[PDB]
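# Breakdown of the fold
This is what each chain is made of:
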Amino acid sequence: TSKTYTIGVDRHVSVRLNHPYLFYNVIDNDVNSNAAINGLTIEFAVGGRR
Amino acid sequence: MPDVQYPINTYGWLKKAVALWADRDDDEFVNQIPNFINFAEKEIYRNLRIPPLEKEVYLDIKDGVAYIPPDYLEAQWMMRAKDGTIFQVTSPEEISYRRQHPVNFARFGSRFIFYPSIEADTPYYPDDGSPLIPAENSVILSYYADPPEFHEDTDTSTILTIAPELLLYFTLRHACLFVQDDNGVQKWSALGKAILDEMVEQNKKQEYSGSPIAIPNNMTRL
Amino acid sequence: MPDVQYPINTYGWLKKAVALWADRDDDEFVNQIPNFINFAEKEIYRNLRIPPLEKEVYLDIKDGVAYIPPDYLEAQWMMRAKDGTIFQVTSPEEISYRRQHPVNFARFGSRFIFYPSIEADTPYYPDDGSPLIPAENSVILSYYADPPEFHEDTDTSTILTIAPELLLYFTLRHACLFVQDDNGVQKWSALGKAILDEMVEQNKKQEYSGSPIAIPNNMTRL
C-alpha cells in the first residue's frame, strides 16, 4: 500500500498487512514542506504461524 | 477526512460516515464498506419482523398449487377480500385427511396447498394493465418480504429515515472484524442489539395495544 | 493486495476476499484456500436444513421398494401426485408384521420399503421434447440434497446470494487453523454459529407462520 500524510488534517495512516517482516518507506516529494518526524507508533496484532 | 449532513438520509453519505466513525478510511478498507453493509442488513433482516416491510398482495390459486412469491420470508394473516375471512395453517398430514374423508393450507416446498380446491385468480403473466377490480373470489396476503439490497448511493430505505445508527454500528461490527480491534467489536455489537430490541418492543407495545383484550368465547351456533 | 466487487456472488471472488480479510497472502496459503472452503461448506451442509436445497422428485417403485438417490441426506414428506395421501415411516420390525397379518415405508440400507407393495413409474420423458408427461401412479418425494461442491471459479450457489459472510468466517476458521492464530479462530467460529442460528430461526418462524395451529380431532367414522 501507499498513502499521503498531510499534516494538520490526518493523524494516522491505515495500512493492511499480515507478513512477519514489515518494511516501510517515507517519501517527501513536495516543494512547500518543512515538516519533520519525532517518531512513530505502529499499531499491530498477532496471528500465528505455520 | 470526509463530511456528512445532520441527517444521514442514505448510502451516499452513510458509506462515508462509517469511514468517519470507525476511524479510518484507507482504501483497502472503504471499498469493502459496501460489503460490510450487505452483511449487516442481512444479519438484521434474517430475523427482524415489523410492518413497514409488510405487503398486501393478491394470489392466483388454481385449486391448490398457488405458488410462493420469491420475495417471501414469513407470513402473517391471509384472507379473502370477500366478506372478510381468515385462513389458518396446518400440516400436510391433516389436509390430506380433509381430502379422503374452515380453510386450511400448508407448505409443500415452494407451493401452498389449500384443502378446498379454491380458485382465486390473477391476470395471466404477460399481463396488460393490472387494475383487475379484484376478481370476486380474491384472497390477499400479508407477508414480510425480503427488502432489496442497496445498489446505489442515492438509494434509500425506511431504516435510514428512522434508525440508521443501527446499520452504522452493526456494519462497524464486521469492519472491526476485518481489522482486529475486538473491544470495539463488542461495543458496536452490544449497542446494535440494544438499539434493536427497542424496536421490537415498540412494536409489541403497539400490538394488541389500544385497550385490554379478552378471550372471545367462540361457541358456534349450538 | 487483491480487490473485490461489493456484492460477492462467486466462488471466484470469494477465493480472493478470503485472502484479503486475512492479511497474509502467500502460496503456502492461497493454494489451500479452496480446501478450507470445502471444509467449511461440508461442515455446514452436514447439518443445515432448509427449503432452497430441497427437491421434488418422482420415484420408480418396482414392488414395494425403491433405491435411494445418491444425493439424499434427509427426508421430508412423500406422497402421491394424486389425492395427497401422505406416507409415514416406521421400522422393519413392524412392517414385516404388517406383511404377515394408510401407508408405511422404511429404510433397509440403500433401499426403501413399502408394505402394500406399490408400483409407481418415473415419467415418460422425451420424444418431441416439450414436457415430462408425468405417470399416473406417481409418488413424489421431498428431500434435502447434498449440494454440489463448487469446483469452479465463476460458480455460485444460493448461499452467496444470501449469506456469504457465513462461508467467509467459517473458512477463515480452518485457515486460522492452518496457522496458529487461534483467538481469531474463536471469533470466526462464534460469528459463524450466530449467523447460522439466525438462519434456522428465520426458517422456524416460517414453517408454522400463518395462523394459530389448533390440534386436529382426526376421528374416523364412528
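Note on numbering: every chain is counted from 1 along its sequence as written, possibly out of step with the entry's scheme, and residues lacking coordinates are dropped from view. Whichever chain is written first is A, and whichever ligand is written first is 1; the rest continue in order. In this view the chains form part of a larger assembly, and all numbers refer to the visible part. Here the side-chain values reflect all heavy atoms present in the structure, with hydrogen atoms and water set aside. Residues with missing side-chain atoms are left out of burial classes, side-chain pairs and their counts.

What the deposited record gives as its method is cryo-EM, and the resolution it gives is 7.4 Å.

### Here we look at the overall build of chain A
In this description a helix means any DSSP run of H or I spanning at least four residues, a strand means any run of E spanning at least two, and both kinds are numbered starting from the N terminus. For chain A, the helix and strand inventory stands at zero helices and zero strands. If one aligns the C-alpha atoms of chain A with their principal axes, the spans along those axes are about 45 × 20 × 15 Å. Buried residues are those whose accessible area, probed at 1.4 Å on protein chains only, stays under 20% of the maximum for their type, while exposed residues exceed 50% and partly exposed ones sit between those limits. Counting only residues that meet the buried cut, chain A has 6% of its 50 residues in that class. Method for areas: the Shrake-Rupley scheme with a 1.4 Å probe, in which residue coverage is limited to the protein chains shown. Accessible surface, chain A: about 5200 Å² in total, of which carbon and sulfur atoms supply 51%. Counted charges follow a simple rule, with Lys and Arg positive, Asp and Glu negative, and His plus the chain ends left uncounted. Taken as the charge centre is NZ of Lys, CZ of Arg, CG of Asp or CD of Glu, depending on the residue. Charged side chains of chain A number 5 positive and 4 negative; the gap between the two group centres comes to 20 Å.

### Remarks on the sheet that holds strand 5 (residues 104-108) of chain B
Residue and element names in this part refer to chain B. Any two strands with at least two DSSP bridges between them are considered paired. Sheet architecture is open: three strands sit in the order 4-5-6, paired in mixed fashion. Strand pairing shows two members of the sheet lacking a second neighbour, strand 4 (88-89) and strand 6 (111-114), which therefore form its edges. One ladder, built from two bridges, connects strand 4 with strand 5; its direction is parallel. Bridge pairing links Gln88 to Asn104 in strand 5. Sheet strands in contact with helix 4 (residues 92-100) are strand 5 and strand 6, and its direction is about 125° off that of strand 5. The contact rule is simple, with two residues in contact once any of their heavy atoms fall within 4.5 Å. Orientation is described by axes fitted as lines to C-alpha atoms, over the contacting stretch for helices, and by angles from 0 to 180 degrees between their N-to-C directions.

### Thoughts on the side chain of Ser138 of chain C
Residues and elements named next belong to chain C. Within the fold, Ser138 resides in the loop between strand 6 (111-114) and strand 7 (139-145). For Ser138, a relative accessible area of 2% gives the class buried. Once you skip the residues sitting within four places of it in the chain, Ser138 turns out to touch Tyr58, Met79, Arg80 and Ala81.

### Considerations on helix 1 (residues 11-21) of chain B
Taken residue by residue, helix 1 of chain B has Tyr11, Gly12, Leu14, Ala17, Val18 and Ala19 of chain B as its buried positions. Looking at the buried positions of helix 1 of chain B, the neighbouring elements they touch are helix 3 (33-45), helix 5 (158-162) and helix 6 (164-178) of chain B.

### Things to note about helix 4 of chain B
Residues and elements named next belong to chain B. Buried within helix 4 we find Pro92, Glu94, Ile95, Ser96, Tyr97 and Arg98. On the buried face of helix 4, the contacting elements are strand 5 and strand 6. Here helix 4 starts with a cap whose side-chain oxygen sits 3.1 Å from the backbone nitrogen of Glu93, and that cap is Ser91. In protein, a polar contact means a hydrogen-donor-capable atom and an acceptor-capable atom, both N or O and within 3.5 Å, with residues adjacent in sequence counting only if both atoms are side-chain atoms; elsewhere, any N or O pair within 3.5 Å suffices.

### Description of the pattern of salt bridges
Residues and elements named next belong to chain C. Here, a salt bridge means any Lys or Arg side-chain nitrogen found within 4 Å of an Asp or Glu carboxyl oxygen. All told, the structure shown has 20 salt bridges over all chains when counted by the stated rule. Notably, a salt bridge pairs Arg49 with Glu74, separated by 2.6 Å at the nearest N-O pair. Here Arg49, found in the loop between helix 3 (33-45) and strand 1 (56-58), pairs with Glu74, found in strand 3 (residues 72-80); they are 25 residues apart in sequence, far enough to count as distant. Judged by relative accessible area, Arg49 falls into the partly exposed class, the value being 22%.

### Details of the environment of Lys42 of chain B
Inspection of the secondary structure assignment puts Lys42 of chain B in helix 3. On the basis of relative accessibility, which here comes to 12%, the residue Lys42 of chain B falls in the buried class. Considering only alpha carbons, one finds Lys42 of chain B and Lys16 of chain B, 26 residues apart in sequence, at a separation of 20 Å. Among the polar contacts made by the side chain of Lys42 of chain B, one reaches the main-chain carbonyl oxygen of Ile162 of chain C at a distance of 3.2 Å.

### What about the packing of aromatic side chains?
In this description, a pair of aromatic rings is defined by centroid distance and the angle of the planes. All names here are of chain C. In this analysis, rings of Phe, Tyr and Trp, with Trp reduced to its six-membered ring, are considered paired at centre separations within 6.5 Å, and the interplanar angle assigns stacked below 30 degrees, edge-to-face beyond 60, and tilted for intermediate values. For the structure shown, the criterion picks out 24 aromatic pairs over all chains. With a centroid separation of 5.3 Å and an interplanar angle of 50°, the aromatic rings of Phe105 and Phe112 are classed as tilted. Owing to a relative accessible area of 9%, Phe105 belongs among the buried residues under this scheme. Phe112 sits in the buried class, given a relative accessible area of 7%.

### A short note on the relation of the copies chain C and chain B
The copies are aligned by least squares, using only their C-alpha atoms. Overlaying chain C with chain B gives an RMSD of 1.7 Å, the required rotation being 27° about an axis along which the chain moves by 0.2 Å. A share of only 5% of interface residues in chain C that are also interface residues in chain B marks the association as one of differing surfaces.

### A few points about the interface of chain C and chain A
Chain C puts 14 residues into the contact, and the matching count from chain A is ten residues. Buried area: the accessible surface (1.4 Å probe) lost by two parts on joining, summed over both. Together, the buried faces of chain C and chain A total about 1000 Å²; carbon and sulfur atoms form 39% of this surface. Inspection of the chain C/chain A interface yields eleven residue pairs in polar contact. Those elements giving two or more residues to the side of chain C that touches chain A turn out to be helix 1 (11-21) and helix 6 (164-178) of chain C. The dominant element in the side of chain C that touches chain A, judged by the number of residues it contributes, is helix 6 of chain C, at four residues.

### Here's the deal with the sheet that holds strand 3 of chain C
Residues and elements named next belong to chain C. With respect to topology, three strands assemble into an open sheet ordered 1-7-3, the strand pairing being antiparallel. At either end of the open sheet lies a strand with only one pairing partner, and these are strand 1 and strand 3. Pairwise comparison of adjacent strand axes, ignoring direction, gives a mean angle of 35° for this sheet. Bridge count for strand 1 against strand 7 is three bridges, and the pairing is antiparallel. Bridged to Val57 within strand 7 is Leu141.

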